[PDB]
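A short write-up of the structure that comes next.
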Amino acid sequence: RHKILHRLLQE
Amino acid sequence: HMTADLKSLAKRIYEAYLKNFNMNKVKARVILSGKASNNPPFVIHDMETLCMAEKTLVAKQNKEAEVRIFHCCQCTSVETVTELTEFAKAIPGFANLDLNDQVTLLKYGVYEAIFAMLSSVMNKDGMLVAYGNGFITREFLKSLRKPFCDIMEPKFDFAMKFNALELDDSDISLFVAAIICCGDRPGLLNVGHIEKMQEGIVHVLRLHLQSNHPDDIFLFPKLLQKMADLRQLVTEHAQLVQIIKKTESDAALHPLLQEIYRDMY
Ligand SMILES: CC(C)(Oc1ccc(CCNC(=O)c2ccc(Cl)cc2)cc1)C(=O)O
């Protein structure tokens with residue numbers, strides 16, 4: 001549900 | 001006073017804060033005061049001066065003024081959420097978390113942290129914008145129409161009391177780390193461990209406040225109260241954002257901001 005926030009936490 | 005591994009935790013957090021937020025209180029206060037320069041920020045006090053400012057932000061449109069300001073706010077919000085995300089990943093223990101709990105901590109933390117840090121860039125009459133190059137007036141923000149006039153004024157009210165505490169950036173980074181590492185956000189998986197992590201930060205915050213503001217002996221309990229006020233402040237702000245999503249056919253939220261508000265309060 002929080003795809004952009006997940007993305008941000010990986011990079 | 002306080003041991004080493006606590007001192008190490010403090011400076012990790014301060015340094016991560018200095019690295020990830022371009023605008024900070026020391027820099028903001030110098031602009032605001034403001035010695036160091038006789039070239040003050042362009043003042044945005046009415047509709048006409050606003051348009052002047054926008055003639056500069058060309059590439060970065062034909063919407064109502066309120067909505068354009070609402071857009072500038074979103075852009076500032078998005079990148080602060082972004083910086084906050086870098087900042088969190090640097091707090092010892094945060095990246096070790098479930099990743100999910102990390103999303104949840106950020107989801108419920110970022111706006112309390114944003115409004116905490118926003119105080120730095122506000123005085124009784126207005127706030128810095130455009131990385132300190134602008135200054136938009138409180139009265140002008142009140143002069144907008146509903147519900148847009150109802151967005152900043154509560155933040156100002158909080159900031160004036162918060163700025164009375166005289167925190168510096170070293171206090172604020174610890175305070176922001178405690179906000180984010182909050183053990184009672186809804187949906188957290190490992191409440192036990194997060195709670196351990198936050199009591200370490202809160203402990204470093206208490207001893208640091210003793211050392212940095214010795215005369216203000218109830219500063220820490222005052223800050224605890226400020227954290228409760230921030231939660232209330234954010235709940236009400238969430239309520240206003242919902243009222244705007246279904247009442248203003250021309251203020252779409254950035255996707256990342258839709259992620260955060262979706263299923264909050
Ligand atoms: C954008 C919105 C809807 O509400 C918010 C409003 C203000 C702020 C603080 C950061 N905003 C700014 O620094 C800012 C920049 C330009 C202008 Cl014209 C106003 C305010 C954060 C959030 C949000 O919840 O993201």
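Atoms within each ligand, like the ligands themselves, are counted from 1 in listed order. Residue numbers start from 1 in every chain, and the chains themselves are labelled A, B, ... in the order their sequence lines are given, proteins ahead of strands. The figures here come from the full heavy-atom set of this structure, side chains too, leaving out hydrogens, waters and symmetry mates.
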What protein heavy atom lies closest to [atom]? Include the residue and the distance to one decimal.
| atom | value |
| --- | --- |
| atom 23 (C) of ligand 1 | B:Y111 OH, 3.2 Å |
| atom 11 (N) of ligand 1 | B:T76 CG2, 3.4 Å |
| atom 3 (C) of ligand 1 | B:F70 CE1, 3.6 Å |
| atom 7 (C) of ligand 1 | B:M152 SD, 3.8 Å |

For ligand 1, which part of B:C73 has a heavy atom less than 4.0 Å away: the side chain, the backbone, both, or neither?
->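 Answer for B:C73: both.
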
Given that the side chain starts at C-beta and the backbone is N, CA, C, O, which of these parts of B:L257 lies under 4.0 Å from ligand 1, counting heavy atoms, or is it both or neither?
->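 The answer is the side chain.
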
Determine, using heavy atoms of B:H254 and all atoms of ligand 1, whether some pair is separated by less than 4.0 Å.
->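 It does not, in that no heavy atom of B:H254 comes within the 4.0 Å cut-off of ligand 1.
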
Ligand 1 contacted by B:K155 (non-hydrogen, < 4.0 Å) =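 B:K155 does not count as a contact of ligand 1 under the 4.0 Å cut-off.
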
Test side chain to side chain donor-acceptor pair (under 3.5 Å) applied to B:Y261 and B:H237, step by step = CA-CA 10 Å; B:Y261 286 113; B:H237 179 84; 3.2 Å; yes

Which ligand 1 atoms does B:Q74 reach within 4.0 Å, using its non-hydrogen atoms?
->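 In order of number, 1 (C).
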
Atoms of ligand 1, numbered as shown, that sit under 4.0 Å from any heavy atom of B:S77 =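 That gives atoms 1 (C), 2 (C), 5 (C), 21 (C), 22 (C), 23 (C), 25 (O) of ligand 1.
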
Taking atom CG of A:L5 and atom OG1 of B:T85, what is their separation to the nearest 0.5 Å?
->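 The OG1 atom of B:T85 is 5.5 Å from CG of A:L5, to the nearest 0.5 Å.
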
Do B:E112 side-chain atoms and B:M227 backbone N/O form a donor-acceptor pair below 3.5 Å?
->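 No, because the side chain of B:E112 does not come within donor-acceptor range (under 3.5 Å) of the backbone of B:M227.
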
Is a side-chain N or O of B:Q198 found less than 3.5 angstrom from the main chain of B:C182, in a donor-acceptor match?
->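 No, B:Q198 side chain to B:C182 backbone: no donor-acceptor pair under 3.5 Å.
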
Using a strict 4.0 Å threshold on nitrogen-to-oxygen distance, state whether B:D184 and B:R231 make a salt bridge.
->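 Yes.
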
Look at B:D229 together with B:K161 and state whether they make a salt bridge at an N to O cut-off of under 4.0 Å.
->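 Result for this pair is no, no salt bridge flagged.
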
Find out whether B:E248 and B:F148 are in side-chain contact, i.e. whether some heavy atom of one side chain is under 4.5 Å from a heavy atom of the other.
->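 Yes, at least one pair of side-chain atoms sits under 4.5 Å.
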
Nearest to atom 17 (C) of ligand 1 by heavy atom, B:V129, B:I114, B:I136: which?
->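 Looking at heavy atoms only, the winner is B:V129.
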
Should B:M197 and B:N96 be marked as a side chain to side chain contact (heavy atoms under 4.5 Å, CB included) after you check the CA-CA gap, both sets of side-chain angles, and the distance that decides it?
-> CA-CA 11 Å; B:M197 176 182 176; B:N96 308 65; over 6 Å; no

Purely on distance, is any nitrogen or oxygen of B:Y261 under 3.5 Å from one on ligand 1?
-> yes

